[PDB]
Amino acid sequence: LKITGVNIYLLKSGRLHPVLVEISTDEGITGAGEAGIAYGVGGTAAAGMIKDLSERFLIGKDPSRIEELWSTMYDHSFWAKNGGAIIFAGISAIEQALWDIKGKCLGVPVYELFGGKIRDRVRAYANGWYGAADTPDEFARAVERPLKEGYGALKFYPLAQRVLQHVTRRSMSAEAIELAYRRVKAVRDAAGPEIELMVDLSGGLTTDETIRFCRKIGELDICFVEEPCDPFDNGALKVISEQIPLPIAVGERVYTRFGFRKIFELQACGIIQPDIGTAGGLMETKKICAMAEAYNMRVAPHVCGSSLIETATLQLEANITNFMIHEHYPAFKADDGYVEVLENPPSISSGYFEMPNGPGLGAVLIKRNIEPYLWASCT
Amino acid sequence: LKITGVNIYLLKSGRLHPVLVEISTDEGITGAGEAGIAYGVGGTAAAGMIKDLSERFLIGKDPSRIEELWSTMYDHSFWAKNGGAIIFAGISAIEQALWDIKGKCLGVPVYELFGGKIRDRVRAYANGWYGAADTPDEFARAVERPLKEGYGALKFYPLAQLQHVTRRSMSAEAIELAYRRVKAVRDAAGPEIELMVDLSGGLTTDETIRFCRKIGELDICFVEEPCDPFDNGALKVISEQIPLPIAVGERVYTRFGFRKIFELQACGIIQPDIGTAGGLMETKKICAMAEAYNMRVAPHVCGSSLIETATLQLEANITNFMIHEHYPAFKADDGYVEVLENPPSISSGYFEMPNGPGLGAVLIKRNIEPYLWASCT
Amino acid sequence: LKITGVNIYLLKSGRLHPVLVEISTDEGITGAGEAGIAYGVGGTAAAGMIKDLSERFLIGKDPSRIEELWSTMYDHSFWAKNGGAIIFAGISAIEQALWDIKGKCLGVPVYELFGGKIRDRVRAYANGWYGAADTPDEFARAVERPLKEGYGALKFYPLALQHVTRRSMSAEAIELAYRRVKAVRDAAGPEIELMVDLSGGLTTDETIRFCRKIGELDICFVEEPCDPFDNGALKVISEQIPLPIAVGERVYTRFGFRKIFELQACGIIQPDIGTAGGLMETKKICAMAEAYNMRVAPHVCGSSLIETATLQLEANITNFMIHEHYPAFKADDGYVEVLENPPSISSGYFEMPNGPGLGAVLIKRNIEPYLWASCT
Amino acid sequence: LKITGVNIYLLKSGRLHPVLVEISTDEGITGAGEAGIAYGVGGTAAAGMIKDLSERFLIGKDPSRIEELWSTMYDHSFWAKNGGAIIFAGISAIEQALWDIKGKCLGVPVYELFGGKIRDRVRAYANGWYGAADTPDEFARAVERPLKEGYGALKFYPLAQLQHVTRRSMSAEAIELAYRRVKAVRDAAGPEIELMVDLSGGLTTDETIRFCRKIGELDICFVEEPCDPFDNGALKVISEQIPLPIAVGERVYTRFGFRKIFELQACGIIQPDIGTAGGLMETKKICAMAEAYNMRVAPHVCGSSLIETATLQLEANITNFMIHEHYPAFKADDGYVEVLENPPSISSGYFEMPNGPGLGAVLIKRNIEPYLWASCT
């Protein structure tokens, strides 16, 4: 086939700003992908990156040469070498859509191309359930719904607050750090001793206070703590892992095999959380997970965007041997202004997700829903 | 003062696509800045990032609190933590504009605020003088112009065709040609001219070491980015295996990014770009940190006249300054767009320090107006 | 699909003893694979391992679940953990057949499944061209033919005629080693790439001495300068010699190569899809190598099958360097052609096969006499 | 003497598939040896290796030259360099037989050749006494028998079902159950019995550490193979994070393989198998090295009566011997095949040292003949 056009969509879906790409071919086969910059600051940047990459590397090209196309964008974009979230989110979006096209061409799910499936379903943990909870009591109150819905695991950010604003300059008042502990204690009390709890610090405090806080909640049986320190500082990550009794998980802000090599050699993390929308794509993430196995590590893919990226993530989760658990934000669909991008989005069933079976990513975009958000078209 | 609006300009200037930002305040004092994504793929991403950062963090705020503004964008953009070129080029352009405003408010150049100047002019090396040369003969012939114009140092890309290396591989013929280009340049320039070779990533470790050793006899000032910026392991091994001083930094960002370079103690020169490293103060901090590791600085600059002028603010002030980078041919491209009424003018390989308040730069609105990409008010 | 049977062939082809495997499915689609224990001592060990793996893990399984099967064999064979050449060559052969089956089901070459091709052909260096040369002049005389055939690179074993005994050689033997390399460079000319395989070399000190002594002869790379067991010696040597180093022939899986990667002492790895764990495992190993600024020169020495299979990987990995080929092996006395369409060189280049799966067609009649075991 | 023939036997003895070898000499004196591939997947492979080695290195050679023979097989089999269990299991079997012959020729136990005995008896721990136990109660129930039999230490696999962990993952229920099994066992055996827990690779580093800490209060003698034998990085990390002593070695081969373990300084016990590590002398060498690292040895043994008897030879000689491993419930298995005319018999958890020449073990040709796999002459 030949790529004849690429459309970029910059959506407004509730509290998120999903960035989607659609690759069209002369055969009429289309591919869909999503850049993992649905939250934070940079959505327009991601859209613009997909535009620049498409106008420079995709139009008129044969979509079947995925590895070459990836290699080309890496070698000749200039900014990919030691590149960050924006360049690789743009590349990830494109790569996903390319595997989607290949899967459609061969009439099978991408995971079959990757070597088949290892599981037909995956357990998931709930995120976003805490809503606008602030006090320990409100946090304890919010655990009911998710648990009743079948989730056996919960994740939350005890240092943050809805405004979701994370720590300012790695520091907090003794009162806020106290409240943080009371939040975790409340969730453990209201959830019971059998529910798995994950604490995301999204950067944490300075090393000393982070270790102090982590040790303090150790008695509350924590599955793992996410990003206990700034992703920029791997020295701290190693020091923290040697000083706390909680398992550590990172990866949400690490990109490609090249970026993860730095995490692997530290041997301070037992869990990695690559995002297929930022780590480099489906195959790049598969490669990352494969390397992780060489370091006795499990994988808990990070996902937070439209239904597309979540469905695309199931593709990889059906195939990686060192899978741990899926991340799901059930409340996002209730957001005022939520925009459903798939005709058949993934549906949870008592905390479990079935593996999609349609060709490629096994996802059909509702063009009518995203059309109002068309940001750019390259031909 | 209060920020009343921000304008983003995505230009088409010859072979470049400079990205500029202009910050307006209620009292009429404006600040200008440039994101260092003027080449490569991502100009629109940079413009988009400045737009997103501006709409979320700048309108209505006091521009005098530069450190707090920078800190806020780092802390709450989410993508700044272990961030890359796009997020930091956006932050950098904004930061530059804030310093421009502060200098204009205080009535002095930014370098006065940074601790005063240490030099009145800076020596520069010429880049882009090779044009389209391919054969060793064409390269040798291209050295004439820059040397006549006063430059005492030259940089070029022996492995490039600019298109750099594909998959860290090159045929034996291209590698020999590479060596022949360097030799031809050394022969045509004489033993006094300083030559810098930029490999922009190079080949695999073994082949890069081989090539660097082979040109060692040609007296190279330094080899730039001998390996992929992603791989600091290779960088360390290469430094221990070649007789040439190494320089990197063009694709490293913030003090946090450079820390990884400093601890390797493999490079003697760093090349941060104030348009991507984080801004003027961030780069000053990076340079100060480099001094604790016995290194000097050769700031990377490649964009419009604005970013080059702003870089001079830094070079007038840092203690470990080595040399300034200039592309004299860029202004001859077709479609070149001049953004300043008084662009930096070389005089025998030397640039005088700007003396106006702030960045000492004045935009020609007429020339950039056509490229207005977005407005945030 | 469902796996219905496995046939194992222990061949006697010339100087080699290729071990092949054929997996049948309930729908007539069969896959072929080859264990990289075609030389050295252990061909029967390899055949027996494929027999044990097949009997315990293959019959009745869905072949499309390649990752799961690999995982199962690794997790429950017991000997795979920190496992060696036998267990992984067996697993490798089986994994190759599963990909062969998958490609045939989807109607495309395995490389399309891996992400498409990056190149349509690969250059190669010649091996075994030296024949039975002992003296320098004989080696010098042996360079004629391969060059005539169009090869731009040559590989040989100056220390080997077998390999080094107890990491020791006489001064006479060491000077002769230098003389052969010198004779080859002189007879080949300056524009020919030379690769030297020490297959373990001597003790660190003597190996460093030899490597330095031949540095003036412009060597592309030196293969296995020390015993594969001693990674400490490997690092020391890399820091002390002026030659690029290449290893991997006797290193297995991602877990095995991790140890090589962390050394950052080599610039080239040489995994064998027949021993490193398989096609996908080797692709994963190659992807890892890119993170360490290394390129790959796959090791291949078996029947036409494994060479054709290796071409599947070389058409897709981004850090490919060069292909290994033994032209003389087909002229061997007792050579058994296993493919209906053996890979044929053309002035130093091999085109990429285009058939579905491994793009290789077995000649059942030529291997049937070597059927070693059947599992159903 | 001269080697005239080699017979390889692929046995079917209960749950195991013992692989034995018999080297014959032109003088009638023969030697017995066993390759440690009695379990797992690869018995046939092991037999195939001994056949290949014998046909290429043994027939017609002088057997008194054991070192030379070992060295020849290592140097010219090609796959021995950085070799694994199969190649070295084959070499071990052969080497065991060579010492058997030399000992018989000199009329003394091999341990006398190695420097004499240090002990006349060794205490052993019970393994396989759990049978098909699954629930905590069943494991508890199971301790009675071995303890009645006079055993002072027990070893089990709390994570197993035997089938070990799949993809280093377990449900919280299975992990929770694992804990109860260990606790139920400590409760039933009393505080005086030593308990060994083999994880055969365990889970991922993080979960493994948590589990090891949880059972810490149960006074564990040591945890075996807490992580994949392939990952020595994880082994070191785990050793620094848990309160339990660590033991490994079942899947590490030769001095060259153990060097990697020793340099980690992560455990206090190694468990080499003379049937896989390379042989009796090779293992003695390994044990001698381990002393230089303040470690003790608990030889791994799980095969026919032959390899267990040969292991005793070693255990009567090494200075840093810790304890012997025995499987009392294998002699009861349906299909069990006794290979020795005089197998080792426990006496209240104690084994006396064999006094016969060579390995001090006489084979029952009638019992292994049905399993002749190959013959080389």
Side-chain angles (χ1 to χ4, degrees), chain D residues 1 3 5-11 18-25 29-38 43 46-47 49-51 53-54 57-58 61 63-74 77 80 85-106 108-114 253-255 272-287 299-318 324-325 339-340 342-344 353-354 356-363 368 373 376:
Chain D
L1 320 190
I3 298 179
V6 186
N7 285 165
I8 300 164
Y9 304 87
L10 181 52
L11 278 60
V19 175
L20 321 179
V21 66
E22 176 186 61
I23 303 178
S24 295
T25 64
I29 295 182
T30 63
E34 193 177 337
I37 309 299
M49 182 63 271
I50 300 182
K51 181 182 184 294
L53 287 173
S54 298
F57 305 113
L58 306 180
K61 296 190 184 175
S64 72
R65 299 191 158 226
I66 313 187
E67 294 289 315
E68 186 181 62
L69 255 38
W70 200 94
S71 173
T72 298
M73 297 188 274
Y74 181 84
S77 61
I86 302 305
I87 174 71
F88 285 115
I91 291 180
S92 298
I94 285 172
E95 190 254 32
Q96 284 167 39
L98 289 172
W99 280 98
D100 191 44
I101 290 175
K102 182 186 291 287
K104 287 176 176 175
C105 294
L106 296 175
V108 292
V110 179
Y111 61 65
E112 274 300 311
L113 302 179
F114 288 178
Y253 323 95
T254 76
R255 284 161 284 161
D273 187 320
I274 65 171
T276 56
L280 281 169
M281 176 56 97
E282 186 57 31
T283 301
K284 176 183 169 54
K285 290 170 177 182
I286 290 173
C287 296
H300 168 270
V301 287
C302 183
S304 84
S305 291
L306 175 60
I307 196 169
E308 186 167 13
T309 303
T311 296
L312 291 174
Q313 290 294 311
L314 185 94
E315 307 180 313
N317 180 257
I318 66 177
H324 185 76
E325 172 174 46
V339 305
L340 294 188
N342 25 58
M353 303 303 100
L359 302 171
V362 184
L363 298 177
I368 60 178
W373 191 78
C376 330

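What you see below is based on every heavy atom in this structure, not just the backbone, and it leaves out hydrogens, waters and symmetry mates. All chains are named by letter (A, B, ...) in the order of the sequence lines, taking the proteins before the strands, and each is independently numbered beginning at 1.
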Handout entry: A93(D) versus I50(D), closest heavy-atom pair with distance
Key = CB-CD1, 3.8 Å
Practice task
List for me each residue that meets ring-ring contact (aromatic ring centres under 6.0 Å, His included) alongside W373(D), sequence neighbours excluded, and say none if there are none.
Solution key: none
Handout entry: Any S64(D) side-chain heavy atom under 4.5 Å of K102(D) side chain
Key = yes
Problem - Under 3.5 Å: donor-acceptor pair, side chain of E325(D), backbone of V301(D) - result: yes
Problem - Closest non-hydrogen atom pair between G360(D) and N342(D), with its separation - result: O-OD1, 4.4 Å
Problem - Residue pair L359(D) / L280(D), side-chain heavy-atom distance below 4.5 Å - result: yes
Fill in the blank from the handout: Contacts of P354(D) meeting side chain to side chain contact (heavy atoms under 4.5 Å, CB included) (sequence neighbours excluded), chain-then-number -> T309(D), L312(D), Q313(D)
Exercise for the section: Grab the two heavy atoms, one from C302(D) and one from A38(D), that are nearest each other, plus how far apart they are. Expected result: O-CB, 3.3 Å
Completion exercise
Residue set satisfying side chain to side chain contact (heavy atoms under 4.5 Å, CB included) with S92(D), at least two apart, ordered chain then number -> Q96(D)
Practice task
Indicate the atoms forming the closest heavy-atom contact of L340(D) with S305(D), along with that distance.
Solution key: CD1-O, 3.3 Å
Problem - Sub-4.5 Å side-chain heavy-atom contact between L314(D) and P299(D) - result: yes
Problem - Min side-chain heavy-atom separation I274(D)-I307(D) under 4.5 Å - result: yes
Problem - For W99(D), the option from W70(D), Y111(D), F114(D) that meets ring-ring contact (aromatic ring centres under 6.0 Å, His included) - result: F114(D)
Completion exercise
Value for NZ (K61(D)) from CD1 (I3(D)), rounded to nearest 0.5 Å, stands at 8.5 Å
Exercise for the section: Rounded to the nearest 0.5 Å, what's the gap from CG on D100(D) to CG on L306(D)? Could you check? Expected result: 8.0 Å
Completion exercise
Residues pairing under salt bridge (charged side-chain N to carboxylate O under 4.0 Å, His left out) where one sits in residues 63-73 of chain D, two or more places apart or in two chains, turn out to be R65(D)-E68(D), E67(D)-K285(D)
Exercise for the section: Starting at OG1 of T283(D), measure out to CD of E315(D) and round the result to the nearest 0.5 Å. Expected result: 10.5 Å
Problem - Nearest heavy-atom neighbours spanning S77(D) and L53(D) - result: CB-CD2, 4.4 Å
Problem - Spacing of CG belonging to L58(D) relative to CD1 belonging to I94(D), to within rounding of 0.5 Å - result: 4.5 Å
Problem - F57(D): partners by ring-ring contact (aromatic ring centres under 6.0 Å, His included), with sequence neighbours left out - result: none
Practice task
Quick one: pull up NZ in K284(D) and CG in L113(D) and give me the separation to the nearest 0.5 Å.
Solution key: 11.0 Å
Exercise for the section: Report the C-alpha distance between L11(D) and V339(D) in whole Å, list the side-chain angles of each, state the deciding distance to 0.1 Å, and finish with yes or no for side-chain contact (heavy atoms from CB on, under 4.5 Å). Expected result: CA-CA 10 Å; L11(D) 278 60; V339(D) 305; 3.5 Å; yes
Handout entry: Side chains of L363(D) and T30(D) in contact at under 4.5 Å (non-hydrogen atoms)
Key = no
Practice task
Tell me, please, which residues at least two apart from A89(D) pass side chain to side chain contact (heavy atoms under 4.5 Å, CB included).
Solution key: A35(D), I37(D), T276(D)
Problem - Test item: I66(D) and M281(D) side chains (from C-beta on) under 4.5 Å apart, heavy atoms - result: no
Exercise for the section: Over all heavy atoms of both residues, which pair between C105(D) and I29(D) is shortest? Give the atoms and the distance, please. Expected result: SG-CD1, 3.8 Å
Problem - Flag side-chain contact, heavy atom, 4.5 Å: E34(D) against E308(D) - result: no
Practice task
Hey, could you give me the CG/CD1 distance between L98(D) and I91(D), rounded to the nearest 0.5 Å?
Solution key: 11.5 Å
